[PDB]
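There are 2 protein chains.
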Amino acid sequence: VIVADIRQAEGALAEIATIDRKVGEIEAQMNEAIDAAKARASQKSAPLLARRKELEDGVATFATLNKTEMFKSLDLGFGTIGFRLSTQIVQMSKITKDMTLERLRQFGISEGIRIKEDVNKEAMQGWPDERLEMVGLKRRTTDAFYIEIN
Amino acid sequence: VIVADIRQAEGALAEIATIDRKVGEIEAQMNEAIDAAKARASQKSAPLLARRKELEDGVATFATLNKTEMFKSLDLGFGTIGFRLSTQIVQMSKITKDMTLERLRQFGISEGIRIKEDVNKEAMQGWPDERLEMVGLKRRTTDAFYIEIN
Numbered sequence: 009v010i011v012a013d014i015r016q017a018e019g020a021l022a023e024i025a026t027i028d029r030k031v032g033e034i035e036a037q038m039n040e041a042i043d044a045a046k047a048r049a050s051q052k053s054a055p056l057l058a059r060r061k062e063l064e065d066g067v068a069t070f071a072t073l074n075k076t077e078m079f083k084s085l086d087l088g089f090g091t092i093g094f095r096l097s098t099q100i101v102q103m104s105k106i107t108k109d110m111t112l113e114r115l116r117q118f119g120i121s122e123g124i125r126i127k128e129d130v131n132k133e134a135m136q137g138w139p140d141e142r143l144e145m146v147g148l149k150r151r152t153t154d155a156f157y158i159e160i161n
Numbered sequence: 009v010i011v012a013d014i015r016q017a018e019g020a021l022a023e024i025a026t027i028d029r030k031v032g033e034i035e036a037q038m039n040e041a042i043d044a045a046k047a048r049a050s051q052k053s054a055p056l057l058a059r060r061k062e063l064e065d066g067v068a069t070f071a072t073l074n075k076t077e078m079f083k084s085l086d087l088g089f090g091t092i093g094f095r096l097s098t099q100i101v102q103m104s105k106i107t108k109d110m111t112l113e114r115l116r117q118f119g120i121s122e123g124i125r126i127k128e129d130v131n132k133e134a135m136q137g138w139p140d141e142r143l144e145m146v147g148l149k150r151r152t153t154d155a156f157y158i159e160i161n
């Protein structure tokens, strides 16, 4: 396209604003198709997963109440049941994860700590250009074109 | 449900494995409905957004080539066009964001730095219970029931 004068811009920005209105409504129909699918899926499978619970439980009390004689891992053809040992490391009772860090740090244990550092671009903003230059940063100042539909 | 004997478990784990097979196929149909919607949406709007580009550009060269006389922000009824000043702070040319941090830190500027610390649960794992206790951590050891379909 070639926009040779002010009327021809006016033109373009009516078309553009027609596309925005079209597109943005293509994207309403998709979110109705997707909305509907998520709703069918979850409609049909809520009762199946309710039933799977009852049964899952079911076998559970049975396998505990009968535990001592019965087991490792009893094969049931359709799959295995049984008991497994999972160790997890967790906070002590009244101790937050930040208190564990400060302790790791009081004791000098840096292997205990995971750090992710980042530059604070907002204390930066109120610096002069020279202070930025010393920390390896520059203000990039753009004059950019904007079409801005109503 | 009440699973009073080994045959009745066998029962349950055939049903369960039927649900898993049903559900997990409800969830294939949804991802075909959603797959299809994302594909219609993006089919109809690829040409509309191609056209929006041509026009967007279009007005752009026109507004630059004609810049000095023409502008702030010319109103076109359907919306505004023009030029705006956006300042952004960015890395200097051969300087990574980690070198800017180390510099911030060489100079003692802690306001420049954003930290997010975290406990390394993997150096933890090879600790005795007592070392954990001092940093406020405990090994929680669970014996859990597992039904595990084939």
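As given, the protein sequences belong to chains A and B, one line each in that order. For the first sequence, the positions run 9 to 79, 83 to 161 when the UniProt record's numbering is used. For the second sequence, the positions run 9 to 79, 83 to 161 when the UniProt record's numbering is used. No residue lacks a Cβ here, since even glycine has one placed at the ideal position from N, Cα and C.
Look at B:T76: its C-beta is not under 8 Å from any C-beta on chain A. Under a 10 Å Cβ-count criterion, A:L21 is classified as buried, with 16 or more other Cβ atoms of the shown protein chains found around its own Cβ.
Taking 8 Å as the cut-off, the beta carbon of A:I160 is found closer than this to the beta carbon of B:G90.
The three-state reading of DSSP puts A:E77 in helix, counting H, G and I together. Proximity of chain B to A:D140 at the Cβ level (cut-off 7 Å) is not reached, the minimal Cβ distance being about 10 Å. Under the three-state reduction of DSSP output, B:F70 falls in the helix class. The segment 63-71 of chain A and the segment 141-158 of chain A do not touch, with fewer than three beta-carbon pairs separated by less than 8 Å. Classified as exposed, B:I10 has fewer than 16 neighbouring CB atoms from the shown chains inside 10 Å of its CB.
Its Cα nearest to that of B:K52, the residue A:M38 stands out among A:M38, A:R142, A:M78, A:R95.
According to the DSSP assignment, B:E128 belongs to the beta strand (DSSP E) that extends over 124-130. For B:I92, the closest alpha carbon among the candidates B:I158, B:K75, B:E141 is that of B:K75.
In this structure, the CA atom of A:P139 is about 59 Å from the CA atom of B:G32. Counting along the chain, the unbroken beta strand (DSSP E) around A:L96 starts and ends at 94-102. For B:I27, the number of other beta carbons within 10 angstroms of its own is at least 16, and it is reported as buried. When only Cα atoms are considered, A:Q102 and B:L96 end up about 50 Å apart. Here B:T111 is buried, its C-beta having at least 16 other C-beta atoms within 10 Å. B:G90 sits in a strand when the DSSP states are folded into three classes. Only those residues of the segment 29-46 of chain A whose C-beta falls short of 9 Å from the nearest C-beta of chain B are listed: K30, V31, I34, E35, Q37, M38, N39, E40, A41, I42, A44, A45, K46. Contacts between B:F94 and chain A, judged by CB atoms closer than 9 Å, involve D154, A155, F156, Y157 in chain order. Beyond the five residues adjoining it in sequence on each side, A:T107 comes within less than 8 Å, by CB distance, of no other residue in the same chain.
DSSP lists A:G90 as the bridge partner or partners of B:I160.
A direct Cα-to-Cα measurement between A:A45 and A:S104 gives close to 44 Å. Between the C-alpha atoms of B:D129 and B:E144 there is a straight-line separation of about 18 Å. In this structure A:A47 does not touch B:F94 by the C-beta definition: roughly 46 Å separates them, more than the 8 Å allowed. From the beta-carbon of B:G123, the residues of chain A found nearer than 8 Å are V130, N131, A134, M135, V146.
Identification of chain B residues near A:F79 by a Cβ-Cβ cut-off of 7 Å yields none; the smallest Cβ-Cβ distance measures about 10 Å. The shortest CA-to-CA distance from A:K127 to any of B:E133, B:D109, B:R114 is the one to B:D109.
Cβ-Cβ distances below 8 Å link B:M135 to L143, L148 in the same chain, with the five nearest sequence neighbours on each side left out; the list follows chain order. Within the DSSP secondary-structure output, B:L148 pairs in a beta bridge with A:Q102.
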